[PDB]
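First, one chain by itself: the form deposited in one PDB entry, in structure tokens.
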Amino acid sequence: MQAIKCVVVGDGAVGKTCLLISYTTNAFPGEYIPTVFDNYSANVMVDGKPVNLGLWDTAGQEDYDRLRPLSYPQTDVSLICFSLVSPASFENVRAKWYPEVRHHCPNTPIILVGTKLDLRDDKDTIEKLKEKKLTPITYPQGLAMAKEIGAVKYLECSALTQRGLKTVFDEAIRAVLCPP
């Protein structure tokens, strides 16, 4: 059994914490807890290989820009997250998160994650965006941003329904133990 360190970043409120808790405990958070910084753990078998996975939760607010970087040392793989129903969180993938992560993690693999899949086809959510002259981010658009920044993979998921969760982490591990 080996160890692997994975760091999770992105705009505030896109669902980083809910995603991590659902995956490790198999239950959605009962209440909201603001994150300053945190650590989680999981034991999984992927492709016949036992792995102890190290997970690092961060703060997306900009007044934490100078503190967040203390989490990047020795990272094996990073997850950049944005909410499929918040276009401004999506634009900040190229304007801020991509540039910050590549600078501190010179050259390890990046996975681009679109969150809250369960709200993309939700009428009440769609009508809310319509007002501000907005619309949800589509799968094609996400894939396009992934190639623009050099991510090794583009994946969508939902913490609430748990659909696509397991796959994100299997692929995070796979990118690290990947053959040439």
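Residue numbers here begin at 1 and follow the sequence given.
Another form, the form deposited with a partner chain bound, is not on view; read the next lines as being about it.
Using 4.5 Å between non-hydrogen atoms, is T138 touching its partner chain in the bound PDB entry?
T138: no contact with its partner chain in the bound PDB entry.
Is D121 part of the interface with its partner chain in the bound PDB entry - any heavy atom within 4.5 Å?
No, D121 stays farther than 4.5 Å from its partner chain in the bound PDB entry.
Does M45 reach its partner chain in the bound PDB entry, with heavy atoms at most 4.5 Å apart?
Heavy-atom contact with its partner chain at 4.5 Å: present for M45.
So in the bound PDB entry, does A144 come within 4.5 Å of its partner chain, heavy atom to heavy atom?
Outside the cut-off, so no.
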